[PDB]
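Chemist: okay, here's the opening piece of the assembly, coordinates as they are in the complex:
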Amino acid sequence: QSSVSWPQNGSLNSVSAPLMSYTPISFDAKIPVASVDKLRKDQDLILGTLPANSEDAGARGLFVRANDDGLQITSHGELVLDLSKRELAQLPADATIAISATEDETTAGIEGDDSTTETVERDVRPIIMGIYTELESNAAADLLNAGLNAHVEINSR
């Protein structure tokens, strides 16, 4: 639950009352393997659902990070997929990671074969406030052509 009151600050001014964060019905993303090399320097965030300095952010949001140990995807604190550097450099240049987070399960794997996919068999849907990234701005065109995408569905009642 979250609360909105009115009047505010001794004033009768109309106020906006948006929901700032929520657990979605579902979240899904397609992440071209190519984005790993489109990150800004000493950055690791391909995609996040909460801003960095958010409270308990890593335990609540969904995060795709790539660094020295390879790629890591967490959702609501559960590790979803884990590829070492070894595992990464072996993936075809045109590989995509498909993420799907839903009440029943969260799965992540290479859009490709099924030997690769990783399931958490439990509800671990992230908290979301938007979509955050540390990818280079100029890389938009390459990565949109490559299939970069995130999609959140929310119920409103």
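Modeler: Perfect, I can see it now. Numbers count the residues shown, from 1 in each chain, chains lettered A, B, ... in the order given.

Chemist: C-alpha only now, for contacts and for neighbours.
Modeler: Fine.

Chemist: Count the neighbours of residue A:117 for me.
Modeler: Neighbours of residue A:117 under the rule other C-alpha atoms under 10 Å: 17.

Chemist: The closest residue to residue A:7 other than its chain neighbours sits in which helix or strand?
Modeler: Of all residues not flanking residue A:7 in the chain, residue A:13 sits nearest, at 7.4 Å (C-alpha to C-alpha, 6 or more residues apart in numbering). Residue A:13 is part of no helix or strand when elements are defined by DSSP states H and E.

Chemist: Residue A:13 reaches residue A:6, doesn't it?
Modeler: No: with contact defined as C-alpha atoms under 8 Å, residue A:13 does not reach residue A:6; the gap is 9.0 Å.

Chemist: For residue A:131, which residues are in contact?
Modeler: When the contact criterion is C-alpha atoms under 8 Å, 6 or more residues apart in numbering, the partners of residue A:131 are A:47-50.

Chemist: try 7 Å this time
Modeler: Residue A:131 makes contact with A:47-49, according to C-alpha atoms under 7 Å, 6 or more residues apart in numbering.

Chemist: any chance of those in CSV, plus secondary structure and neighbour count?
Modeler: Shown next, in CSV, are those (DSSP: H, G, I helix; E, B strand; the rest coil; neighbours: other C-alpha atoms under 10 Å):
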residue, secondary structure, neighbour count
A:47, strand, 20
A:48, strand, 25
A:49, coil, 23
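
Chemist: Closest to residue A:95 out of the residues you listed?
Modeler: Closest to residue A:95 out of the contacts of residue A:131 is residue A:47 (16.8 Å), distances taken as C-alpha to C-alpha.

Chemist: excluding its backbone neighbours, what's nearest that closest one?
Modeler: Spatial nearest neighbour of residue A:47, excluding adjacent residues (C-alpha to C-alpha, 6+ apart): residue A:133 at 4.7 Å.

Chemist: ok, now which ones touch that neighbour?
Modeler: A:45-48.

Chemist: How about residue A:73?
Modeler: Residue A:73 touches A:63-65, A:79-82, counting by C-alpha under 7 Å, 6+ apart.

Chemist: put chain B on too:
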Amino acid sequence: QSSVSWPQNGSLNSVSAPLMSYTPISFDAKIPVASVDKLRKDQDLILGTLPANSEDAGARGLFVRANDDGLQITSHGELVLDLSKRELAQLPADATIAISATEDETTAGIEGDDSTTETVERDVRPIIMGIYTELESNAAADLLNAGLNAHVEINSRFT
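Modeler: So that you can see how it sits with the rest, here is chain B on the chains above:
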């Protein structure tokens, strides 16, 4: 049900995606009856939950209105409380309208006087984007001191 997609434009920039409108767990309000005396010229809205130019706002929101014909409170197009301006005139000067919108029922009445309580026994909770008003600005201290208030509890986990 709403959607959000990313990237937006042809930009990789981060985006915030707040949920703009929803149906709350509940909405409650206390509206001093002195509020009817304190509307801006030619306006009748004491409190609404959607701005006047939302599509079907009249069908979706909750509105407390006051004009020549008295006071009406509508949510989701259902008239819960009407008070003629005669009925209004016998009320004490400190009277408060109490409203409650929950999924079980929507109640509205003169607080502390359940000879006046009106209860719509369906779920008729409003859609909410905010709290809007054409109450005069200089009325803030008078109305606040009499206990003007609206309160929305929202569920953020969605099924």
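
Chemist: ok chain B is loaded, check the nearest residue to residue A:7 again?
Modeler: Once flanking residues are discounted, residue A:7 sits nearest to residue B:149: 6.2 Å by C-alpha to C-alpha, 6 or more residues apart in numbering or on different chains.

Chemist: now the helices for chain A?
Modeler: With helices called from DSSP state H, chain A shows them at A:57-60, A:85-89, A:140-146.

Chemist: Those helices into TSV, with extra columns for mean neighbour count?
Modeler: Listed next are the helices of chain A as TSV, based on neighbours: other C-alpha atoms under 10 Å in any protein chain shown:
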stretch	mean neighbour count
helix A:57-60	19
helix A:85-89	13
helix A:140-146	16
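
Chemist: rewinding a little: list the contacts for the residue nearest to residue A:7?
Modeler: Residues near residue B:149 by C-alpha atoms under 7 Å, 6 or more residues apart in numbering or on different chains: A:6-7, B:29-31.

Chemist: Beta-bridge partners for it, please?
Modeler: Beta-bridge partners of residue B:149, counted by DSSP bridges, are residue B:30.

Chemist: and if you look at the one 5 residues further on?
Modeler: Taking DSSP bridges as the rule, residue B:154 bridges to residue A:2.

Chemist: hang on, isn't it packed against residue B:25?
Modeler: Yes: assessed by C-alpha atoms under 7 Å, residue B:154 is found in contact with residue B:25 at 5.3 Å.

Chemist: Pull stretch A:33-47 out as PDB, backbone CA atoms only.
Modeler: Extracted C-alpha coordinates of stretch A:33-47, given in PDB (Å, rounded to 0.1, in the frame of the first residue of the first chain):
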ATOM      1  CA  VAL A  33      24.600  -9.700 -26.600                       C
ATOM      2  CA  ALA A  34      26.200  -6.700 -28.400                       C
ATOM      3  CA  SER A  35      25.200  -4.200 -25.700                       C
ATOM      4  CA  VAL A  36      27.900  -5.600 -23.400                       C
ATOM      5  CA  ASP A  37      30.400  -3.600 -25.500                       C
ATOM      6  CA  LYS A  38      28.200  -0.500 -25.800                       C
ATOM      7  CA  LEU A  39      28.300   0.300 -22.000                       C
ATOM      8  CA  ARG A  40      29.900   3.500 -20.800                       C
ATOM      9  CA  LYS A  41      33.400   3.200 -19.300                       C
ATOM     10  CA  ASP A  42      33.600   1.700 -15.700                       C
ATOM     11  CA  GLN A  43      29.900   1.100 -16.000                       C
ATOM     12  CA  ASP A  44      28.000  -2.300 -15.800                       C
ATOM     13  CA  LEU A  45      24.200  -1.500 -16.200                       C
ATOM     14  CA  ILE A  46      22.700  -2.700 -19.400                       C
ATOM     15  CA  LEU A  47      19.200  -2.400 -17.800                       C
END
